[PDB]
C-alpha cells in the first residue's frame, strides 16, 4: 500500500519534539502491552518482502540505467489497478529508491504453503512487468523513452550507482541536489514520497557531515591507489569539502543514503504464539543473521568498483548513520562547520549526548531473554541505554516490564526521531502507535521484534500478534532462490517454535557481532569460520567453536540441516529420516531442489550471486584489471541477470549459475 500524505518537519524544526515523541511513543507502547500482552495461540502466519530495482536497458547504447521515470507504477497499483493486485494476492509499496519497488503477498502465508511463496513472488513480478509493458505502449505512442526497455530485477546492489549515465535522466546535474548533497547521487534517485527526502536531509543535518561509507576496494594488478571518482565541487558547504577528508586510499567512497537504502534485500516475518515465544524465537535467530548474510552474499561491487567484500550490510549501516562525531568519539572533519562535533544536536541537550558504538542501522544489540536458557551475561557488549525510558518501562501503571525487555526498548530509545510530520505531533496514545513506530521503524537491525497495535486484543484472533522479522538476507535474482531462502528460514523458525523446550541457541552477543564483521569478507562462504554453538540441545551449555559455513549447515551435532531442518521435516512427516528423501517425493520435489540449492551453495559447490557477479566482471573482455565496472561491463552483466531471472539458458548462463541439475529442473518445472 501507498504511503499517506504529510508535511515533514526539517531537522532544525523537528529536533525540538524529540523528547515529546519518545515520551508519547513509550506511552503508546505501554498501551500496546496492556492491550495485547496476553495474546495467545496465535497461528504461524508469515510472509516475505521483496525489493526490486527497475532497470532501463538502452540496448543501442549498451547502457543499463536505473529507471527513475516510471515510479507512478506504485500509485497506479494502489489505485485503479489495485483490483488486479487483490485478485492476485499481491501488494506493492514504496521504498527509499525512486527506481525501486517493494511487494509482499496481500495476506500472510499460514504454516507450510509449499511452492506458493514462489508462485506469489512470480505474480508480483508478472504484474510489475505487465505495468511496465503498458508504459512501453503509451511511451511509444507519445514518442517517449525511445530505445528503452525497463525490467524489474531483484538486484541487491546496482553495480553502477552514482556513476556517469546511471539514471535515465538527461543531464541530472543541471540542478543541485539539496537533499543528499551527494557528489554522486542526484536526488532523483529518491522516491517522491516526502518521508524519503526528509530522512535524507534530517540524518545529514543531525550528523553535521555527509554519511560516509568506505568499502575496501578489490586490489587488482592495475587498480588505482585512490577512488579516482572523487572530485572537488562548490555547490554546498560544508559537504563539498568533506570527501578529501573522509575518503581513504584503497577504499570506495560513498557519501549518500541511496548508496545503502538504494540497495535491496529479502526479508521474512513470522508470528509466534504469544510474546514469550516471540522473545524466545527472536533470541534464537540472532546468530542465524550473520550466517545468512554471509551465505546469501549478492553485493560484490559498489559505485562502479569491485569490492573486497561480498554483502551490502555495512554500506547500509553507514548510509543512515546519524551519529555526530561526538557520538562516534571522533573529531568533526570540518570543526568550523561541525561545532564541537555535535552536528545538528540542540545545545540545550548536548549535555545528554552519549557515545554510541553502532549505527541506528546495525546488528541486534540485546537478547530479550525471558526464556529458560537465557542468562543476562550473554548480553556482554557495549549497549548504551536511555535510562529515563528504562525507568518508565519498569515502573508504570499500564504494563510494568521485566528488566531485560525494558533494556531492549531503552536501547532503541537512545535515538532521535528523523522523520516527523507536523500533523502527527499529538496523538491518541490509546489507539495510535505512530510515535512509537517513529523510533521502532528507524532502528534497523538484523531482526526486529514487532509489537502489535492496541487494537490487537486477545479476542480478535485475526489481528497481527507478536512478530519476529528476519532482515539480513541479500535479495537474489530468481524467484526460485528467494522462495528457497524464504522457506529455509520458515523451516528453521518452525523448528525453533516446535522444539522450544530443547533448543538452547544462546551464545555471547560479542561473538555474534564478530560474526557480522566476518560475514562481509570476500568469499567468506567458501573459507571463513564463524563462532557457532557446539550443541543446541544442552541446558546451560553456551560453548561455541569456529565452523565454516559448510559445517554450520551440515554438521550432525550443530548444523542447520541435521538439527533444524531435518528434524522439522521428520516431525511434519515429509520424510522418515533425511531431507534428501524429498528428491523422490511426489508432493515435495521442489522443496528438495530448494534445499539442494541451499546445501550446494553452503558447501561451495554452487556460487553465490556475489561470486557469480565477481567472476562475470573479472572474466569480461573489456575488464581492465583495475577493479572498474564500466557501462559496458555493467550492461552485459545486467543483460545476463535479465536472462537468468527469466530462466533463459540460451547462452548456458543458468546452467553456469545454478549447475545443470537445478537449471534443468527449474526450466522444466514451474511452481504450482
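Numbering follows the first chain given and starts at 1.
Averaged over CA atoms, B-factors in the entry run higher in 226-234 than in the other of 226-234 and 87-95. Comparing 279-287 with 380-388, the higher mean C-alpha B-factor in the PDB entry belongs to 380-388. Per the PDB record, 353 has a higher Cα B-factor than any other of 353, 505, 565, 549. Comparing the C-alpha B-factors of 363, 340, 510, 476 in the entry, the top value falls on 340. Among the modelled residues of its chain, residue 122 has a C-alpha B-factor that falls in the lowest third, as given in the PDB entry. Split the chain's modelled residues into thirds by C-alpha temperature factor. Residue 140 is in the highest one.
Placement of the Cα temperature factor of residue 299 within the chain: lowest third of the modelled residues, per the deposited record. In the deposited entry, the Cα temperature factor of residue 631 sits in the middle third of values across the chain's modelled residues.
When all modelled residues of the chain are sorted by CA temperature factor, residue 171 is found within the highest third.
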